[PDB]
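Nothing fancy with the numbering, it's 1 onward along the sequence. The figures that follow rest on heavy atoms only: side chains count, while hydrogens, waters and symmetry mates do not. Just so you know, ligand 1 is whichever comes first in the structure, and atom 1 is the first atom listed for that ligand.
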Amino acid sequence: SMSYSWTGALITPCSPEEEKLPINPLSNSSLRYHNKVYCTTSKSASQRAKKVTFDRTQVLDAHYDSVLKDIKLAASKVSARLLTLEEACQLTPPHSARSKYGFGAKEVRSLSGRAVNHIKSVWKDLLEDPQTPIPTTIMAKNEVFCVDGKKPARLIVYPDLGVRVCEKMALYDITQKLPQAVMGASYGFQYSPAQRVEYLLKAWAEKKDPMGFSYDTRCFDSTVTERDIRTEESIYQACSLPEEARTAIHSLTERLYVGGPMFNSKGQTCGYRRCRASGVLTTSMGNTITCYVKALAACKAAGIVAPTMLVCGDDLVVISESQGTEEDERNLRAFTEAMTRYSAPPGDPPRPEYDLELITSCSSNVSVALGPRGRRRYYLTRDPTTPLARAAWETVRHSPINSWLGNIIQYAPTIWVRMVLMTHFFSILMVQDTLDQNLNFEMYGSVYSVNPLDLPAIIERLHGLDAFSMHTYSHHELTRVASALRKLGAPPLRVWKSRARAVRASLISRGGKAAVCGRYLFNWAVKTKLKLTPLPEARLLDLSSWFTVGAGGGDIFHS
Ligand SMILES: CCNc1nc2oc(-c3ccc(F)cc3)c(C(=O)NC)c2cc1-c1cccc(C(=O)NC(C)(C)C)c1
């Protein structure tokens with residue numbers, strides 16, 4: 001079927017949109033940034049709609065059936081329960097898109113009578129009716145990117161707030177248990193960055209002769225069929241569940257997850273969806289499990305030898321035994337053909353790599369730097385141009401996503417986070433006197449609440465003490481940050497190191513948790529290096545909820 005059908009009504013915005021920051025004609029830096037950075041807006045929504053609209057065909061085989069059989073058997077070991085209304089309301093982010101039925105996230109979180117009873121009606125109607133399509137809203141996302149032309153806006157398709165709370169009651173427990181039970185070590189959301197690196201290094205070391213590849217599906221959400229989505233339901237149903245959960249899961253699958261009508265922000269009929277919805281609770285878990293099933297079946301069909309997989313939504317990495325370059329090339333072509341028959345064709349054809357550092361996935365690659373010992377330390381990094389361009393946009397135009405914060409946390413050991421992002425954002429929090437204010441950052445369908453003064457303990461827990469003592473960065477990492485700073489019109493590394501010496505001194509001059517930030521985060525900025533010891537507060541952090549899938553949008557709150 002067609003991934004989408006359209007009426008011709010425009011995908012409309014709800015808030016003001018800005019494609020580019022204003023130019024200062026007397027600044028060369030301002031011109032460089034203007035030439036390089038843009039924000040996607042609803043103006044390009046039709047270009048995206050055209051790309052994501054195509055017919056899907058699937059040809060399954062015995063390899064697919066056998067993998068699916070094993071997944072259902074692994075799912076049967078899972079016992080999951082309904083969440084209470086109270087639990088589902090507390091998982092709702094404070095600024096989650098309001099309901100059309102006269103209440104918002106504030107009323108959901110406080111359990112106001114009207115919100116609670118409207119959610120009661122949605123729940124009862126899910127139990128009563130297994131078939132009527134649930135309406136959704138389609139919106140164009142506003143995201144900042146760098147040229148090299150321009151990407152059109154990504155589209156988000158989501159149901160009403162009342163429906164989103166019911167999805168949590170019915171399926172949140174499944175999201176916490178099922179992926180690990182069916183995928184084991186392949187489930188990408190269970191790892192801290194240091195644990196992810198360790199897993200990849202172990203997978204690489206296990207092979208006598210390793211070969212790795214990343215596989216990127218073109219428009220993954222649109223390639224997801226009604227059948228893939230009904231198969232996801234049979235996997236959820238393989239769990240031990242109360243009957244009421246089974247009923248709600250089945251109605252949500254048939255009325256929402258498989259497809260339905262889409263409306264623009266003005267309330268006009270925009271189209272009809274027959275693929276994955278980008279803004280539902282099951283988006284990330286569903287994409288991860290479905291990508292894993294197709295990829296494991298395709299490994300078997302291609303004859304990939306001893307594959308070790310890592311799956312994060314539609315991002316997939318396979319590390320296996322090289323059969324030599326010629327056979328690897330043939331086997332990757334056979335893998336691609338099988339993924340295409342399963343309705344998962346590639347954007348760019350996969351390429352075999354004989355060095356772990358040469359694989360890119362989730363925009364990241366493994367790099368090496370020296371520890372305080374002089375020992376080689378491995379960490380995840382990425383090209384910093386877009387993260388630095390987003391941080392510059394966020395400095396001038398406040399966003400609740402706070403991409404700069406999510407980047408400082410995920411990429412804490414990188415040169416660009418330590419020298420540029422930490423220096424810049426610790427300076428702004430100090431000048432504004434907002435260091436001790438809790439902030440939220442959005443990432444992979446989840447909203448996390450973080451105190452910037454807790455960053456040293458969070459970084460130590462996610463990356464280890466090595467994050468505060470990395471030095472002697474690879475030439476590629478040095479060239480990458482220097483080029484990104486030049487291209488964006490920013491001052492060079494030498495200016496950032498001078499500013500960091502002052503930010504560190506100012507932080508240490510405040511005492512308490514701020515001095516801890518100065519000492520641990522900016523130990524690279526000084527000549528006389530302090531010996532950094534484990535932070536006791538690192539062990540006391542409850543970061544358990546940080547290692548799971550979120551809800552498209554992102555609609556799972558962690559505080
Ligand atoms: C470290 C940068 N991010 C990532 N970098 C990555 O690099 C790879 C990768 C790269 C090269 C390669 F050869 C193999 C794999 C990822 C991968 O699994 N691909 C299949 C991958 C995933 C995340 C990622 C995704 C979701 C959440 C979080 C997270 O850490 N989240 C918090 C802070 C909340 C715990 C991090």
In a check of ring-ring contact (aromatic ring centres under 6.0 Å, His included) between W404 and each of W416, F425, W393, which one passes?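 It is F425, the one option of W416, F425, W393 that forms the ring-ring contact (aromatic ring centres under 6.0 Å, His included) with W404.
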With a 4.5 Å limit on heavy-atom distance, are the side chains of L155 and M139 in contact?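 They are not in contact (no side-chain heavy atoms under 4.5 Å apart), so the answer is no.
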Using the ring of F145 (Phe, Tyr or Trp, six-membered ring only), decide whether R390 places NZ or CZ under 6.0 Å from its centre and within 45 degrees of its axis.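 Yes, a cation-pi geometry holds between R390 and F145.
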Hey, is [X] close enough to [Y] for a salt bridge, meaning N to O under 4.0 Å?
X: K513; Y: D436; value: no
X: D466; Y: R373; value: yes
X: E232; Y: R276; value: yes

Could you list, one pair per line, each nitrogen or oxygen of ligand 1 together with any protein nitrogen or oxygen closer than 3.5 Å, giving atom names and the distance rounded to 0.1 Å?
| residue | atom | partner | partner atom | Å |
| --- | --- | --- | --- | --- |
| ligand 1 | 3 (N) | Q410 | OE1 | 2.9 |
| ligand 1 | 5 (N) | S364 | OG | 3.2 |
| ligand 1 | 7 (O) | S361 | O | 3.4 |
| ligand 1 | 18 (O) | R196 | NH1 | 2.8 |
| ligand 1 | 19 (N) | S361 | OG | 2.9 |

